[PDB]
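Trainee: Quick one: structure below, then a few questions.
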There are 4 protein chains.
Amino acid sequence: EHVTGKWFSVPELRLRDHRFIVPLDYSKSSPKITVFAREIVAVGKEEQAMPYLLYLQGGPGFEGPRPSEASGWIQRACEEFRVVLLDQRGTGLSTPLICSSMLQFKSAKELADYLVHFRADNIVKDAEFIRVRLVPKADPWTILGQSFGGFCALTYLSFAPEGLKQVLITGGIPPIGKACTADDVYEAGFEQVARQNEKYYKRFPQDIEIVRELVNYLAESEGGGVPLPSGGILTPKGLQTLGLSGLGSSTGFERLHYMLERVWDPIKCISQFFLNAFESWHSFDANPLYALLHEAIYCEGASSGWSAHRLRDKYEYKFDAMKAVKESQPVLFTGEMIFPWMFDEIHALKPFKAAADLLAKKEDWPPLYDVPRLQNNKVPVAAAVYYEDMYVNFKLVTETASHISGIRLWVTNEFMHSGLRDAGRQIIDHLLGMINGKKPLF
Amino acid sequence: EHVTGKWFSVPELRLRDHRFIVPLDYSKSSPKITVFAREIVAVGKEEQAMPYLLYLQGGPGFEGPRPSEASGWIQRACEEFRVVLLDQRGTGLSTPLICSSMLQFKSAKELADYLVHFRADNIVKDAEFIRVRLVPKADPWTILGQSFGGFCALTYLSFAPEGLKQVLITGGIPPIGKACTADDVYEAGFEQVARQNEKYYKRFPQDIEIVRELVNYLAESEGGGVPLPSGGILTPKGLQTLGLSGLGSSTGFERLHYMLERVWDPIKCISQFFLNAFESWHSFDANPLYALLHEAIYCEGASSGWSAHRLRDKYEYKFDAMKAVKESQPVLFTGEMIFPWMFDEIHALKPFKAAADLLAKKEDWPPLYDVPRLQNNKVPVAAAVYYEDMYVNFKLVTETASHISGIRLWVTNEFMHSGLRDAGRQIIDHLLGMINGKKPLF
Amino acid sequence: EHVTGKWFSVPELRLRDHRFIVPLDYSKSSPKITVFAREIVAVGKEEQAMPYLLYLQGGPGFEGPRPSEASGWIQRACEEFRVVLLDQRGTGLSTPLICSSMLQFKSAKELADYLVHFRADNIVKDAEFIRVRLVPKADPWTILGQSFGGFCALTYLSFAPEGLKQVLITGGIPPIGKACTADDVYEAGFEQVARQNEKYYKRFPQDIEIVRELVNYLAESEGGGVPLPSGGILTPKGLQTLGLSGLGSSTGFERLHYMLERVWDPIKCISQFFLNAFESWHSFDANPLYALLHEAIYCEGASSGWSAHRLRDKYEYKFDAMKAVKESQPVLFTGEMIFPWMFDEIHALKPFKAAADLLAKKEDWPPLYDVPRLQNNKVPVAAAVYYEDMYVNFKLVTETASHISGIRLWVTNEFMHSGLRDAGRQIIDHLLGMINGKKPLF
Amino acid sequence: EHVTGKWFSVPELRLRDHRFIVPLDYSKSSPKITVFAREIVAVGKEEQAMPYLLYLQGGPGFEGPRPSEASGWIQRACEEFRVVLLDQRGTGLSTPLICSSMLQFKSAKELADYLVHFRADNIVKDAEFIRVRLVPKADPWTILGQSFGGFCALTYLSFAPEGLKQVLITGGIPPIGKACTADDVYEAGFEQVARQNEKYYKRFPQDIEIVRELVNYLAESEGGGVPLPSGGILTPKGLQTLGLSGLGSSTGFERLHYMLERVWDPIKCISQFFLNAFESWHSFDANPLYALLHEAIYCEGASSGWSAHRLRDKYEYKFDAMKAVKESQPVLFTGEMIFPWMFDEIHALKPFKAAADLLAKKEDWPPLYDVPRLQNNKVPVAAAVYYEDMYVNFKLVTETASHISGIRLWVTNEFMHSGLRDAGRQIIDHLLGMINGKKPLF
């Protein structure tokens with residue numbers, strides 16, 4: 001089945017939605033799942049024939065862009081192609097996990113045996129099932145991937161590349177060629193996170209006192225922490241994860257500084273504004289799948305359990321906040337990594353504790369890539385690679401770009417990882433300028 | 001007492017903060033309060049002598065702009081002025097209301113006798129206490145007021161106008177000349193909110209079914225509502241206040257439509273996402289003063305409080321949700337106003353119940369405006385007045401503009417009330433063009 | 001018959017003229033009259049298929065635009081449409097009134113029985129008779145109406161609407177729903193003309209002396225006036241009608257001020273330059289039909305016995321020039337209305353005196369509008385409505401816009417009534433932006 | 001004696017007027033005349049010290065620019081200079097001639113002995129009398145001369161050059177070095193006027209019929225032809241001067257073509273509109289001095305002996321309209337010259353008939369130019385010269401440019417004689433770019 005809505009309007013855009021019914025798992029008839037996508041076009045061009053473009057979203061569990069005005073990259077794309085945002089399975093309108101009608105999975109083994117169907121290879125088989133119905137003569141199409149969308153795109157070049165005309169990637173090339181790469185990624189991640197912390201305190205020198213006094217207050221508190229309004233607890237380990245977006249975002253440094261002005265109530269206790277802000281800072285309540293799947297995207301065989309938790313002990317002498325305050329050193333924030341204790345501190349994660357360990361123990365994951373095809377690719381590929389990036393290490397990207405046959409790649413220090421959202425207008429022009437041949441090979 | 005910080009930077013801007021200590025009540029020496037402001041200038045222009053500009057942010061209890069990039073009206077103003085952003089007393093960093101250290105006020109009577117010092121007349125006396133210290137030779141300056149900032153500006157033209165060079169107002173002219181205007185303002189508001197609901201359903205025709213079906217589910221549920229994650233309750237009265245920002249803001253219609261797609265948990269229950277989003281929708285947890293003082297800004301004598309709660313009985317035949325579903329009519333959302341039951345439903349308002357009654361019973365408020373001075377004013381004034389506004393009635397504004405000697409104004413239907421935050425670049429150019437004399441009087 | 005000229009050129013435009021032979025009155029065979037129109041297109045696009053657009057000129061009995069360079073609205077319209085410019089029956093090249101052979105009509109009654117065919121409904125029947133011959137497959141077309149063109153456009157929505165794709169109106173919505181609205185229009189008009197005179201003297205304070213001295217000299221002169229070069233007479237009544245164009249035009253105040261500098265010959269007598277300029281100020285020499293029909297366009301039934309003359313007696317306490325100079329008050333100018341004495345003072349009007357009385361005495365005119373159809377219209381309509389307009393009262397327009405089913409409109413203060421001719425480039429873009437759906441309904 | 005007005009405003013400009021009392025003849029103490037000028041500046045620069053600029057107007061006896069908005073060259077000039085606009089002695093507000101109380105000159109001998117004080121040399125002595133009072137330290141200033149302003153500028157380089165910083169000229173270099181150049185100028189003029197007529201009929205081929213029919217109707221009519229409304233007469237000689245502005249203007253061809261569509265009243269008689277338009281076509285009513293002085297501007301010692309009337313006899317075989325229609329050739333229009341019969345046909349010129357002869361008969365006119373100084377000039381000069389110009393012969397200009405020591409000039413075929421009023425934005429940038437040294441000598 002395939003069903004289609006009426007057109008509706010937003011300033012300078014026309015939008016429509018489609019819904020599909022698709023297998024939960026291929027090679028068997030049932031269960032079914034439903035998947036959602038929205039087609040977007042410029043005001044006059046509803047029935048006009050044009051090339052179709054697919055957008056793949058920047059994380060393991062986030063909804064698509066949901067635009068409210070013509071702006072940024074969407075405004076540029078829609079003059080030339082047909083933006084088709086698509087909610088990936090397990091998020092948004094595309095069949096998320098149930099709640100209030102409390103979970104149908106009676107035991108953690110049932111949930112663990114269900115969640116394994118949400119890996120990137122099924123998202124490619126799903127995108128194929130769309131294209132062949134949605135594109136009018138079943139022609140090829142072009143794909144744009146941000147972050148985890150680039151991880152999907154390389155599985156798409158690996159399996160069934162016949163549907164692709166050309167591929168655009170921003171900040172999203174994965175490391176490849178091992179059973180589990182997670183140790184190599186996090187080993188480098190802890191070295192780059194130190195740099196980001198130094199640039200922060202170099203820009204705002206007065207904050208070193210604020211964070212040290214706050215860590216002492218948390219450490220001396222009766223429970224080793226203080227209770228949030230939503231029944232979680234703030235602790236110095238929790239405070240060190242506050243930088244997860246704050247050091248990597250295009251706007252993170254300024255937003256983080258304004259929050260640290262607000263810690264103490266007026267005349268001494270922690271302010272209710274600060275507790276409310278901290279409780280609201282990150283999305284594990286709305287997008288719980290992001291905490292569950294984060295280790296698994298690096299696995300193609302033999303697994304590793306809680307790999308970032310193993311690695312931080314290698315750097316404990318600088319990342320332990322309760323050493324840092326005794327040694328009079330500045331405390332360090334952390335980002336894009338998950339730890340076992342985090343399922344106990346954060347109220348939204350409480351019920352997932354058992355299923356998260358069953359996934360962490362799972363061996364025999366199915367493969368995602370095959371280098372023997374990527375080594376003789378014929379599809380045009382263009383990639384933006386940020387140099388000082390916290391989320392994926394440059395040295396791993398630049399060696400992996402050796403295996404793709406025909407990739408064109410550009411390196412820049414000008415942008416943070418968010419750089420398609422902010423200033424995205426010039427990124428699309430620069431990437432299309434390479435594929436379209438207006439900037440030929442040097 | 002007066003203290004000043006080091007300069008720091010944001011993309012294309014320079015910022016610094018000043019802090020002052022000021023009397024609670026200007027009739028007395030003590031108690032004393034602290035007040036905060038941030039000076040902003042263009043890159044490298046730190047030492048250069050230039051005219052000052054003051055911005056009054058104009059939510060009835062809200063914090064200042066807190067910028068993170070040069071964009072919108074600030075990017076324009078810094079080409080010509082040294083901008084000052086002020087956190088008003090009792091909010092933001094200017095001595096907010098005490099909690100976490102549990103409330104110093106012994107009873108509702110003590111708290112009520114404290115809150116009465118936070119009116120607009122004290123905010124003017126406070127703004128002049130800054131000017132004489134901050135400006136190099138105590139010279140005049142220019143003021144810009146959005147919304148309640150315009151209410152402040154007319155008290156500033158009424159009392160101590162000698163500090164003003166010229167005045168700019170957006171959407172912010174109050175009605176004047178009566179002991180309490182609140183009844184007339186809400187009487188006009190219910191005529192206009194009906195129109196806004198008609199334009200919404202005309203644009204999104206399928207929503208009529210969704211809201212009717214949701215209201216039945218709430219009305220049939222045990223106790224006539226469902227519990228929020230934070231221990232509040234959702235009821236059809238609570239659902240009618242969902243439109244408060246959603247009908248009046250620039251992006252409100254689109255935002256609201258994307259929220260109503262996600263009500264039902266996939267295969268019957270309300271989704272955890274919808275309850276979490278509804279709990280997050282409005283700011284009464286961060287800004288409790290905005291619920292407390294909202295009626296008092298219309299009073300200069302006998303108050304007759306809970307005026308909006310009297311007035312909706314005149315319109316109950318169309319605003320009753322149960323009559324609407326039984327008569328098969330589309331149910332209506334409601335605008336910016338507050339009702340007694342809201343202090344019971346909303347968890348953040350629970351402790352303020354008794355204090356809100358004492359403020360509704362108080363009946364000897366000090367005056368705000370001085371018409372026998374306004375009728376012979378000599379300061380230049382320019383105002384933007386929106387025609388299809390929801391938050392202030394055009395008919396009351398256009399007659400009140402008769403009482404100011406020198407005023408110029410432009411009526412427009414092109415913008416919603418939020419129209420300084422979106423497209424603010426052309427608003428500042430158009431208003432300055434009148435006062436600066438490049439567009440002489442027709 | 002239908003005849004068509006050769007193409008010819010103007011800087012950046014291609015032009016051609018068509019001529020048609022049409023009945024003087026429908027439902028009878030004869031006599032015939034000639035109607036004239038000019039098709040205009042951009043440089044390369046003589047034979048390219050494109051949508052047609054019709055322009056309706058804004059003064060009753062005024063001639064078409066006659067362009068001489070690509071500029072203003074015509075330059076923009078030709079980016080999308082094949083523009084048609086129409087000379088209305090009884091003016092321009094479309095059969096104007098004969099004078100040079102002889103005043104042919106035998107008696108004033110014969111002339112009166114001829115003139116009554118020149119109302120708006122016949123102009124719509126001419127436009128229909130053109131479309132079906134000129135448009136290549138007899139498709140619908142779009143119409144643009146400045147001023148009186150809007151009065152025609154509402155008759156076109158009332159009768160034979162099937163030819164219209166979409167409708168654009170500037171400053172041209174008529175009042176409707178009564179037998180004769182003329183008294184209500186002129187009753188409102190004097191309340192606006194008073195404020196225009198206040199804004200004039202507020203801008204040029206020294207002029208009050210000039211007009212008072214000039215009125216005294218005219219009043220003391222033999223016969224209460226002075227003779228013009230063309231044998232008319234200048235009198236203080238004649239002086240008050242300078243304001244017609246002078247207060248309404250986009251450059252009116254400046255033009256008027258530069259004329260009053262040159263009243264006296266240098267050293268006492270009135271200047272030959274001033275008399276020659278005053279004689280040249282009005283258009284009644286070229287457009288006599290504009291003086292004849294001016295009250296008749298408001299009569300849907302009944303009759304008007306010189307309604308503007310009846311109304312000024314209500315305001316004569318301020319509009320009497322002799323009262324003004326005796327009481328030392330500023331004398332007031334007047335505009336956009338005609339009085340019985342004007343046919344005696346103005347040389348070009350002398351022969352029409354008798355026919356103008358018969359048209360004032362006539363009753364039972366044919367009706368112009370069909371409200372029970374306008375109440376269920378389906379054609380898209382967009383209107384520009386000027387807030388401070390001397391020609392048409394905003395308070396009548398804003399209620400009349402209730403009766404049209406689907407109308408969208410923008411109120412603005414920023415343009416005078418001439419705003420489609422002067423700075424008109426943006427008006428066409430703003431009105432098309434509403435109809436074309438780039439700015440969806442708030 | 002010197003007096004100054006209040007500032008007043010026009011869109012994007014500030015204006016003020018000054019008035020001076022000046023000798024009629026500088027060799028005498030009396031009588032005295034009034035001279036008027038208006039200073040113009042951009043918004044807010046009223047008190048700022050800046051270089052002054054003087055503008056000298058296009059034709060003998062024409063009034064100054066009288067701006068109504070910032071547009072054209074004035075908008076650009078005010079970016080750098082404080083502009084001064086001068087009404088020349090004997091025209092505009094600078095003491096014009098007088099009617100109403102008839103004419104003070106009881107005899108043509110008195111008027112003839114009075115008018116000789118209005119030549120170009122006295123205009124330079126007026127400009128020096130102003131500068132020394134108006135410029136704050138009696139510094140030098142820059143002059144911009146259009147057409148006859150260029151004739152003034154070469155006398156200003158010939159006598160008292162010490163006040164000039166730099167000189168700009170458009171289309172205005174006079175021929176020099178003989179006692180009366182008028183015969184040489186009019187001998188060349190007919191060789192250009194013939195080519196302008198060829199280009200007109202080549203562009204509008206159908207007009208040849210219209211002018212031939214209209215000439216026959218005039219010629220067969222009783223007496224000279226048809227009476228005008230103002231008591232003049234239209235005759236075939238009168239028709240040949242209709243093209244005077246019509247061939248020379250930047251828009252003239254199109255305006256002339258539209259007027260020739262209107263010649264007949266509908267069903268054969270000459271139309272009332274055409275007679276009124278023709279009577280209004282040229283300015284001898286408003287600027288009578290332009291007809292009286294026109295030949296005298298070429299004379300030094302020798303007579304202005306009706307040279308244009310002597311010269312057309314050399315070309316009469318093609319310029320006689322009656323020969324042209326009998327031989328079936330297209331009739332030719334004429335321009336920029338005056339004939340003795342014109343004082344009989346044109347009602348505005350009737351009283352000057354005797355005085356015009358006494359000027360034409362004069363000898364011993366004082367000299368205007370000083371070639372032994374111009375050949376060793378040191379002031380910078382830049383000139384725009386038009387190749388296909390009807391007013392001044394390019395061949396006479398380019399030999400005269402040999403006698404100026406340092407002149408830079410540019411020759412183009414891009415502009416008609418009126419170019420400064422239309423392309424003025426780029427003309428002023430190009431000429432300043434030569435003087436300022438941004439385009440150095442090739």
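Residues are named by chain letter and number: chains run A, B, ... in the order of the structure tokens, numbers start at 1 in each chain, and ligands are numbered from 1 in the order shown.
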Any idea what's packed within 9 Å of residue C:312, counting only C-alpha atoms, ignoring anything in its chain fewer than 4 positions away? Could you give it as a ChimeraX atom specification?
Mentor: /C:186-187,190,307-308,316,319
Trainee: Taking only C-alpha atoms into account, what are the residues of chain A at most 12 Å from chain C, put as a list in words?
Mentor: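 Within 12 Å of chain C on chain A, we get residues 8, 9, 10, 11, 12, 13, 14, 41, 42, 43, 44, 45, 69 and 70 of chain A.
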Trainee: If you superpose chain B onto chain D over the full set of Cα atoms in sequence order, what number do you get for the RMSD in Å?
Mentor: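 After superposition, the RMSD is 0.4 Å.
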Trainee: I'd like the neighbourhood of stretch 206-212 of chain A as a ChimeraX atom specification, where a residue qualifies if any of its atoms comes within 9 Å (using only C-alpha atoms), though same-chain residues fewer than 5 positions away should be ignored.
Mentor: /A:201,217,257,260-261,263,321,324-325,328-331
Trainee: Go ahead and save the residues from that selection, with N, CA, C and O atoms, as a PDB file, in the first residue's frame.
Mentor:
ATOM      1  N   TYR A 201      38.273  27.862  27.646  1.00  0.00           N
ATOM      2  CA  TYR A 201      38.796  28.660  28.757  1.00  0.00           C
ATOM      3  C   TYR A 201      39.700  29.803  28.294  1.00  0.00           C
ATOM      4  O   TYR A 201      39.670  30.874  28.890  1.00  0.00           O
ATOM      5  N   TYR A 217      30.553  22.261  45.420  1.00  0.00           N
ATOM      6  CA  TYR A 217      29.208  22.235  45.990  1.00  0.00           C
ATOM      7  C   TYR A 217      28.490  20.909  45.709  1.00  0.00           C
ATOM      8  O   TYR A 217      27.938  20.301  46.623  1.00  0.00           O
ATOM      9  N   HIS A 257      28.364  29.762  27.885  1.00  0.00           N
ATOM     10  CA  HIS A 257      28.773  30.853  28.762  1.00  0.00           C
ATOM     11  C   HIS A 257      27.577  31.529  29.435  1.00  0.00           C
ATOM     12  O   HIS A 257      27.581  31.701  30.651  1.00  0.00           O
ATOM     13  N   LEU A 260      26.252  29.464  32.440  1.00  0.00           N
ATOM     14  CA  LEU A 260      27.095  29.498  33.639  1.00  0.00           C
ATOM     15  C   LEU A 260      27.025  30.825  34.410  1.00  0.00           C
ATOM     16  O   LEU A 260      27.399  30.852  35.574  1.00  0.00           O
ATOM     17  N   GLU A 261      26.488  31.914  33.853  1.00  0.00           N
ATOM     18  CA  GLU A 261      26.207  33.123  34.644  1.00  0.00           C
ATOM     19  C   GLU A 261      25.128  32.902  35.728  1.00  0.00           C
ATOM     20  O   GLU A 261      25.027  33.693  36.660  1.00  0.00           O
ATOM     21  N   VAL A 263      24.115  30.164  37.843  1.00  0.00           N
ATOM     22  CA  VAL A 263      24.133  29.021  38.765  1.00  0.00           C
ATOM     23  C   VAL A 263      23.627  29.334  40.172  1.00  0.00           C
ATOM     24  O   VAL A 263      22.876  28.532  40.712  1.00  0.00           O
ATOM     25  N   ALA A 321      37.116  14.946  37.387  1.00  0.00           N
ATOM     26  CA  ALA A 321      36.836  16.248  37.989  1.00  0.00           C
ATOM     27  C   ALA A 321      37.236  16.338  39.469  1.00  0.00           C
ATOM     28  O   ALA A 321      37.743  17.370  39.909  1.00  0.00           O
ATOM     29  N   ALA A 324      40.831  16.989  39.519  1.00  0.00           N
ATOM     30  CA  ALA A 324      41.123  18.309  38.968  1.00  0.00           C
ATOM     31  C   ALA A 324      40.961  19.440  39.995  1.00  0.00           C
ATOM     32  O   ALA A 324      41.862  20.267  40.128  1.00  0.00           O
ATOM     33  N   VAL A 325      39.884  19.439  40.788  1.00  0.00           N
ATOM     34  CA  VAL A 325      39.669  20.466  41.827  1.00  0.00           C
ATOM     35  C   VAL A 325      40.707  20.421  42.951  1.00  0.00           C
ATOM     36  O   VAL A 325      41.081  21.472  43.465  1.00  0.00           O
ATOM     37  N   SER A 328      43.997  21.844  41.558  1.00  0.00           N
ATOM     38  CA  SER A 328      43.734  23.224  41.096  1.00  0.00           C
ATOM     39  C   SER A 328      43.676  23.412  39.568  1.00  0.00           C
ATOM     40  O   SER A 328      43.813  24.523  39.057  1.00  0.00           O
ATOM     41  N   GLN A 329      43.455  22.333  38.816  1.00  0.00           N
ATOM     42  CA  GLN A 329      43.339  22.353  37.357  1.00  0.00           C
ATOM     43  C   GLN A 329      41.911  22.700  36.903  1.00  0.00           C
ATOM     44  O   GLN A 329      40.954  22.408  37.625  1.00  0.00           O
ATOM     45  N   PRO A 330      41.711  23.265  35.701  1.00  0.00           N
ATOM     46  CA  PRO A 330      40.381  23.416  35.130  1.00  0.00           C
ATOM     47  C   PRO A 330      39.750  22.050  34.835  1.00  0.00           C
ATOM     48  O   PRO A 330      40.408  21.161  34.298  1.00  0.00           O
ATOM     49  N   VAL A 331      38.471  21.872  35.166  1.00  0.00           N
ATOM     50  CA  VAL A 331      37.712  20.657  34.826  1.00  0.00           C
ATOM     51  C   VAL A 331      37.388  20.605  33.327  1.00  0.00           C
ATOM     52  O   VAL A 331      37.162  21.642  32.706  1.00  0.00           O
TER      53      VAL A 331
END
Trainee: Quick check for you: according to DSSP on this backbone, which residues of stretch 101-151 of chain A are classed as helix (DSSP H, G or I)? Reply as an NGL selection string.
Mentor: :A and (108-118 or 120-134 or 148-151)
Trainee: Just to be explicit: take each residue in the selection above, keep C-alpha atoms, and write the result as a short mmCIF file (atom, residue, chain, number, x, y, z; two decimals), in the first residue's frame.
Mentor:
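Wrote it out as again05.cif, contents follow:
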data_model
loop_
_atom_site.label_atom_id
_atom_site.label_comp_id
_atom_site.auth_asym_id
_atom_site.auth_seq_id
_atom_site.Cartn_x
_atom_site.Cartn_y
_atom_site.Cartn_z
CA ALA A 108 14.25 -7.06 27.87
CA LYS A 109 15.13 -10.03 25.56
CA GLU A 110 12.02 -9.24 23.44
CA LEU A 111 13.01 -5.56 23.10
CA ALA A 112 16.65 -6.47 22.33
CA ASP A 113 15.52 -8.96 19.61
CA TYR A 114 13.35 -6.13 18.12
CA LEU A 115 15.78 -3.13 18.11
CA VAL A 116 18.38 -4.98 15.95
CA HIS A 117 16.17 -4.42 12.84
CA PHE A 118 16.90 -0.60 12.94
CA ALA A 120 21.63 1.35 8.42
CA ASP A 121 21.39 -1.53 5.86
CA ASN A 122 17.60 -1.79 6.34
CA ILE A 123 17.37 2.02 5.83
CA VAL A 124 18.94 1.48 2.35
CA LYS A 125 16.53 -1.39 1.47
CA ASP A 126 13.69 0.88 2.65
CA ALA A 127 14.92 3.83 0.50
CA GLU A 128 14.95 1.49 -2.51
CA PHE A 129 11.33 0.40 -1.78
CA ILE A 130 10.38 4.12 -1.90
CA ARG A 131 12.25 5.17 -5.08
CA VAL A 132 10.74 2.50 -7.35
CA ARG A 133 7.18 3.75 -6.43
CA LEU A 134 7.75 7.50 -5.95
CA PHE A 148 25.14 9.55 10.12
CA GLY A 149 23.53 10.14 6.68
CA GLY A 150 27.07 9.67 5.25
CA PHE A 151 27.34 6.30 7.07
#
Trainee: Excluding stretch 153-170 of chain C and its own-chain neighbours fewer than 3 positions away, which residues fall within 6 Å of it when counting only C-alpha atoms? Please give them as a list in words.
Mentor: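 My list of contacting residues is residues 140, 141, 142, 143, 144, 145, 146, 150, 368, 369, 370, 379, 380, 381, 382, 383 and 384 of chain C.
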Trainee: If I take atom CA of residue A:241 and atom CA of residue B:68, how far is one from the other in Å, to one decimal?
Mentor: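 Distance reported for this atom pair: 21.9 Å.
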Trainee: Might you pull out every residue within 9 Å of residue A:39, with only C-alpha atoms counted and same-chain residues fewer than 2 positions away left off, and present them as a PDB file with C-alpha atoms, in the first residue's frame?
Mentor:
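Here's the written file out_20.pdb:
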ATOM      1  CA  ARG A  14       4.526  23.755  -1.251  1.00  0.00           C
ATOM      2  CA  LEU A  15       4.509  20.490   0.806  1.00  0.00           C
ATOM      3  CA  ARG A  16       2.832  17.036   0.613  1.00  0.00           C
ATOM      4  CA  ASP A  17       3.168  13.783   2.634  1.00  0.00           C
ATOM      5  CA  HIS A  18       3.294  10.089   1.594  1.00  0.00           C
ATOM      6  CA  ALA A  37       8.160  11.059   3.872  1.00  0.00           C
ATOM      7  CA  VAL A  41       8.712  22.067  -4.137  1.00  0.00           C
ATOM      8  CA  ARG A  82      12.580  18.108  -5.269  1.00  0.00           C
ATOM      9  CA  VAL A  83      13.517  17.833  -1.593  1.00  0.00           C
ATOM     10  CA  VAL A  84      12.101  14.619  -0.140  1.00  0.00           C
ATOM     11  CA  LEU A  85      12.819  14.614   3.592  1.00  0.00           C
ATOM     12  CA  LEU A  86      12.319  11.144   5.049  1.00  0.00           C
TER      13      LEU A  86
END
Trainee: Could you tell me how far atom CA of residue D:233 lies from atom CA of residue D:347, in Å and to one decimal?
Mentor: 8.3 Å
Trainee: Hey, what's within 6 Å of residue C:374 if we count only C-alpha atoms and toss same-chain stuff fewer than 3 positions away? As a PyMOL selection string, please?
Mentor: chain C and resi 371+377+404
Trainee: Using only C-alpha atoms, which protein or nucleic acid residues come within 12 Å of residue D:334? Drop anything in the same chain fewer than 3 positions from it, and give the result as a PyMOL selection string.
Mentor: chain D and resi 186+189-197+236-248+308+312+315+318-321+331+337-339+390-391
